[PDB]
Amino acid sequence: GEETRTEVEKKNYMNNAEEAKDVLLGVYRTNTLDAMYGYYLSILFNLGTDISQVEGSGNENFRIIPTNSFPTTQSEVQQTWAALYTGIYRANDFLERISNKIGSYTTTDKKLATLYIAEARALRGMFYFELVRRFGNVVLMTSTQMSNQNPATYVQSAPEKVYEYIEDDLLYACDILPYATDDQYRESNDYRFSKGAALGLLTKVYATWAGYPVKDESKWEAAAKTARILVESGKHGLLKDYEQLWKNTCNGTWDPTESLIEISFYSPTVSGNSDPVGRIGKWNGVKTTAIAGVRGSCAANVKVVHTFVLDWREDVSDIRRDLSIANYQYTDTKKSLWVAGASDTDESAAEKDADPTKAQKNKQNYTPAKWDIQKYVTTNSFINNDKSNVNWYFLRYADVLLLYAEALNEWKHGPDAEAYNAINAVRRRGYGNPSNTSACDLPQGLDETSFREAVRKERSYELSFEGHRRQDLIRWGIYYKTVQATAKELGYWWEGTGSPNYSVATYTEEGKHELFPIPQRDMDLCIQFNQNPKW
């Protein structure tokens, strides 16, 4: 990216908004990296909760991170740290440069330039948010010049100061960006920041800031006030059909209604060194065999915790359950249930699948169904066993509605009408928009504690496998408690000899695994750094 261009090359570019746009798109491109949303930040670093875990019984090979059994030297961790800082460098570079060029732009281009400034600042806020929530104690690298300083000069900032920096960035994007559907300045804003995404992300930032580890409880009110602006704008909503979200994201269909922050992956080929393709629907897909000349395989290493399945099966009419979880795989010839053994007929396999005491071993192999390529992709493209053109939802309006409900309840110490309306909008859509909502709605009469429990659960039903559960458990201060409780619950369910698979419980340590370590390579280069607790 721009980090490899010289001082002279950079001073000769960005002479108008079209040139500036090209550099801005390079900031966005950071997101498609394997170490960003192509794999690590989307899938790999979000496993090991009450809803999902990595495949297998142990911690070998790719299972080391999802089982929390990795050292400070783990390569993937260093790669994400480096990629975030690269994103930040690109954002900083763009901002520094456009500040010096905007004065020369035409009236039309100055307007676009402010939007682009807002987009870069929103991206920078997003990158710092990931850094601060995942690593805890990070460096505010505020200029490209700082990136070239001797690393003995680097110091970690208080998380409160990193949050304030993110907040300033997102507040500017909220002020400057139009809503996606109101925008008559940009020719296209597909998969780019607009006001709804800025407000939505700022809501999530404030909610997290209010939770663990910073615990600035004043931010619940800020989260709620921010979400209110977005909710009351009437500019965004929920797609009528939950399934449409998956159809859309698997087919490169941008719809700004619900999708606020979505990473687009697309290449006609995968024979280059920097093709913007990811692992979505592959590593976290439905298990699928390769068929020569027809289909690439999907490894489908993200497995669903069966106790989550059991809880969700009680709410029969919730249509999201079957749209979210695959109890099947694709063989060379058919869609087949995971529980189907060699002797099973369709009827016997169906009976085993429904009974919690049957075929328990194979039930552990269920996967998400949200990124079922065989089911959703309508077009032919490259055949590859590892990569795809499937997109990644980082932030949907439903998440923001649930955050609004959560934050209102936290701030007001109890749910109000707005909190109920926000959560019930999500429940109604999740039940297929029933004529009578008395069955799907959360009942009146809940108090602070019970509404809190309801909203925390709804997040699993609404957003399962989309990368939020672990960070939610962490900001709620219950990550270790939940891993431990999940281990017990699987043990109660399991009726066979031995134990059910839940390797993450063997290694997850309270006071350690709520953060990733500061990468050892960086510890070794920055003499003023302190490693995170218990790392």
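Quick note: we count residues from 1 along the sequence shown, nothing fancier.
For the pair 317-325 and 266-274, the mean Cα B-factor is higher in 266-274. The deposited model assigns a higher average Cα B-factor to 431-439 than to the other stretch when 455-463 and 431-439 are compared. Across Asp216, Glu119, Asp109, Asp169, the entry's maximum B-factor at the CA atom is seen for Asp216.
Note on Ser99, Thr153, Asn391, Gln364: the highest value goes to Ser99, judged by CA B factor as recorded.
Among all modelled residues in its chain, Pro517 ranks in the middle third by Cα B-factor. Split the chain's modelled residues into thirds by C-alpha temperature factor. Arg133 is in the middle one.
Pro66: CA B factor lies in the lowest third for its chain, per the PDB record. For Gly234, the recorded CA temperature factor ranks within the highest third of the chain's modelled residues. Among all modelled residues in its chain, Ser499 ranks in the highest third by Cα B-factor.
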